[PDB]
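This document contains two forms of one protein chain, each encoded as C-alpha cells and listed individually as structure 1 and structure 2.
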Structure 1
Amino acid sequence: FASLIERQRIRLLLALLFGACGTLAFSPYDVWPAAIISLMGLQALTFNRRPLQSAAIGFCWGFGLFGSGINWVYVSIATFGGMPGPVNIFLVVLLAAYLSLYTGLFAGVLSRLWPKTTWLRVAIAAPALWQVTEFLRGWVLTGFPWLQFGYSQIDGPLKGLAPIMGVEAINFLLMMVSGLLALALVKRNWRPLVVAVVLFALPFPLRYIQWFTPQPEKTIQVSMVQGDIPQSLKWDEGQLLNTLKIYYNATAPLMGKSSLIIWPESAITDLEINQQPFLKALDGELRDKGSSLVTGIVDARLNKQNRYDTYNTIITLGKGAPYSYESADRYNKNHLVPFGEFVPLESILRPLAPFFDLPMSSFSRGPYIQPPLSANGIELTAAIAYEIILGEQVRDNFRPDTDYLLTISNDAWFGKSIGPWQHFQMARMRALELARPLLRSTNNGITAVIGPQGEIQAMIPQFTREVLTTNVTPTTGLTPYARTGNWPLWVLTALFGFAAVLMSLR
C-alpha cells in the first residue's frame, strides 16, 4: 500500500469485507440494509480502476459474498463426497471462486466501458450489466443463481415491486440505489442522495396493492407431515418399514379432519413400482374419509427403449386424485442439482470399465412445463426443493386457476447451517410474486405456510417430528408479474443498456 484507499491492496481487502457484509442481508440474519452497504462497497471500490484491477476487486467482493454465504455446501460434500477433509475445503473455495467470476466479470466490463465515476455508470450501466451478469451465473452450466439481493428484502420497503416486475427488479433497483449512494459519498454531492432516497421511497406505497382476491369459500384445513427421518446409512426393508410407519401413523388421525395432506420430497424411500399395493390401499383409506395426499417418491419407469429412467416425483392420492401408475396427475423433477442428482460430463464412461469405478447412476429430467397437480378439486403448481428458487420456471408453470403454490424438499443435508434458511427465504418470494399461498413441507428443514404477500402464516421448528395443521385460503388474482413475467425488466434492461452502451461508444 502507499496512500489511503487509492492503492489496490487495500481495496481487495475492503471488497472482501463488503462482500461478506452481504451475507447478513439474507434469511438467518435478516438485515436488509446490509445489501445496500454491500453493493455500495462493490460500486465505490471499482471507481477509478483499470478494467483488470476492477475485475480483481469484483472477484474479491464475490469471494467475500459467496465464501461467507455459500460455505454451507461443505457439509454435503464432506458427508457424501468420499473425499479427504482438505479436498472438501478446496472444493468449497473452488465453488465460491467460480461464482465470483461473474462478479469479477461485472466489474471488469463496467470499468472498461464506463471508467469515469458518473451517475450514468452507477444508476444506468451497472443495474443493466448486473442484470445480465447475474443471469449468466444463473443460466450457465445448469444454474445456481443463489444469493440474489432482491430476496434479502421480502420484509423490507421495496417488497411492493415484486408482484409487478419480480425479484430481479429489486436486484436491479438495489444496485441502482446503492450506486447513487456510493456516488454521493465519493463525490461529496447530495443530489444523488436525494435521487436514491426518492428512488428507494417511491416503491413503498406499492406494498399496499393487493393484486389477488381471497376466497373464504375454498378455505381448507391442510396438513404437512414433517418426519425427522435421518439420512440413510444402510437401506433394509426394516428402515423402509420404519419410515412408512412414521408417516402413516401421523397421517391417519388427520384423514377425516384435513382436506389435504402433504409428504416431503422422496418421503417414500422406495421405487414407486414396488409399492403399488401400499399406494392403492392408502388411496382407498383417504377417499373414504374425503381427504387427499401429496407425497414425494422415487419413480423408475420403463422407457419405450426398455431401459430404466428414474425421476424425482410427486404423486397424488385421495379424493379427486385416483392413484394410477400411468395417471397424468403427478410431478417429475425437471432441473437436477449438478453433482447431487446427476453426473456432469457423463462421457467419461470410457476409462470406467478398466481402472476405477465411477458412479453411473443419474436421475432423469421431467418436462419443463407440467400440468398443475389436481387433488381434492385443488390445483397445485409444484416444485421440488431447488426448483422453487427458479422464478421464471415457477411462473411459467403457474396457471391462473392455481389455488396454491407447493414445494416439497429435503433439507436434511445442510442441517444446522444457514443454507436451509436462505432456501426458505427465496421460497417466500414465489408466493409474493404470484399472490398465492405457498405450502412448503420438508423432511427436516423449514416447514411453513406462506400467504400471498410473503407473510408467514404458520411454521414449525426444525429438527422435530411434527405435523403442521392450519387453515389456508386460496386466492384467484393475477399479478402483473404472472402475466408479463420478467419481460418488462429485460426491456428496461435493454433500454438502460442500449443507452449506456451508446453513450460509452460515443
Structure 2
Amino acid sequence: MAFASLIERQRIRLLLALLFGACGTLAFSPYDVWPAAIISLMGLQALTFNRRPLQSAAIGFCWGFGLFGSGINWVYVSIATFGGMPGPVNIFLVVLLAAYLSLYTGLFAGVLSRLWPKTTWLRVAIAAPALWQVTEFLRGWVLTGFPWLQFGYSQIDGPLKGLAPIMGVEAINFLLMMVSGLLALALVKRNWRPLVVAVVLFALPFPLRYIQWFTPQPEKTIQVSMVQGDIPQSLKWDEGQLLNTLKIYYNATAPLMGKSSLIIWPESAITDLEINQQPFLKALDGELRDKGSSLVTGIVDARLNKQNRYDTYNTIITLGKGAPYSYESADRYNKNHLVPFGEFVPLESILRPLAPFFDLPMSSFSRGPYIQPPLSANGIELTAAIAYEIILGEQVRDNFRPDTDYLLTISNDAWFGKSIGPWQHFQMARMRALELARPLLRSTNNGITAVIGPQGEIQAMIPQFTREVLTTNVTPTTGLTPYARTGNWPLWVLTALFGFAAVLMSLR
C-alpha cells in the first residue's frame, strides 16, 4: 500500500523516467545490451499508466531527455572542440537539442493518454506502436529530421533481426514497442495474458533470421582496400594540410594498385575543389588503369548551375579501370541529405557571424538529387550514401538497384572524438546491409572503417584513430529481399489500420 502509493507520485515518475530513458542508450553500440531496449520501453509505457493527459506528456518528455540526454550528448564533443563558444552555451545547445528531440516522445505520450486513458491491452499493443510510428516518423522528418536512437537498430544481432529484410528497421521499432507494452501491462495488472502474448509475438520472428533472400556471386569476389587516412579534423581543411593529405592517400594506394581491384578513400578525402586537382586526378587515373585497379574517393566539387552560380557539392568520384576519370564523367555521387550546421547553416545571414560553430569550414554545400544511379567501377555497381545518409533507411532503399553489387558509404566521424557517436552511426549502417542483403563497404577518415556482410555481420574492421588500410576479400550478392521490393508502405498500412482500429474503439 505504501510502496504503491509512493510510485504514483508524479515527481517520482519523472525521476524514474530519466533513469528508464537513459537506460535505453545501453541498447546501442558500443554497449549492445539489446534487452535494455525492452526495459527502457516498458518504463515509458508503464510509467504513463493512469495519469492525466498533460501529466503523461511530462513523463514522456523526461523519458526522452533521459534517452537523448545520455545517448546523443556526444554532439558536445564536436561543439566544444571546434565551436569556439563559451562553456555554458555549449552545454545549453546540447540540452537544447536533447529537449527538442524529447518533444516527439512527449507528444507521443500525451496523445496516447488523452485518447486511450484506460490501461487496456488495446492502448499498449495497438494504439502505442502506431502512434509511436507517427511520432518517431515526425521526429525524423521535421526541420530535416534526426531519427537517431531507434531501438530497432539494437536488434541487429538480437532475435528480431530476421524482421528487417522483410519490413525494415521501423517494423522492429513497431514490434519492440508492442511487446514492451504487453510486458508493461502484464506487470501493472499482474496478468499472465499479456506476458504469454508478448513472449510469443517476440519469439515468432526468430525463425525469420534463417531465410537467405540473397545469393552470393563467388565468381565476382575481389580484393578491396579502404584507406583510413586519419587526417586530424583541426587541420583537415587547412590549406597547408592538402599536400600532406594527398601524399598520405597516394602513398597508401600506389603499392595496392594491381593487387586491390577496388580502392576507397573516405568522405571528402581530397580536400580541394575537383577542378583544382586535374593534373593529380588525371595522373592518378592513368596509373590505376595501367595496373587494373579502380579508386572511389570523396572530394569537394563546385559546379556551375543554370543561373551562372556555383553549387558546391560533397561528392564521390571514380577513377581507373572500368571508370576512366573525367571532369565530364557521370560516375559520381553528390551528397543529398546535408547535416545541419556542419554542412549548411539555417538562417545563414543571422547565424553565420555568431560563432565559428555556425561558420565551420565547408559549411555551404548544395544538395544532390534524392535518387542517383549507382557508382560503377571495374564492372561493380555500388549504391552510395555519404556518412549520415546511411542512417536514412528508406532513402538508401530507394537508390538501391537489383544489379547493385555492394552498398558503399564513406564518412568522416573525427568530429565526435572517442565518444559513442561513431559506434551508434556504425551500428545503423549495419542495418542497411541486413535490410537489402548486400555487403557494405564503409570507408572512414578515422571512424569505424569496416566491411559488413549481407546479414549485418562484421566481416572485417580496423581499429579507430589509426593510419592504416583495411584490405580484405569481399563477395557481392544478388537477389531481392521483401523490404527492397517495397520500402515501408506495408508497415504504414499496418500503422494505419492499427491507428484506425485504435481510434475507433476510443470513440466510445
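Just so we're on the same page, rigid core means the largest C-alpha set that superposes within 1.5 Å between forms. Numbering runs along the sequence of structure 1, starting at 1.
When the two forms are superposed on their rigid core between the two structures, the C-alpha shift of 2 Å or more among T213, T142, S361, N274 belongs solely to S361. After superposition on the rigid core, the Cα atom of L352 is displaced by 2 Å or more between the two structures. Fitting the two forms on the rigid core leaves the C-alpha of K234 displaced by at least 2 angstroms between the two structures.
Here the rigid core is superposed, and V75 then shows its C-alpha moved by 1.1 angstrom between the two structures.
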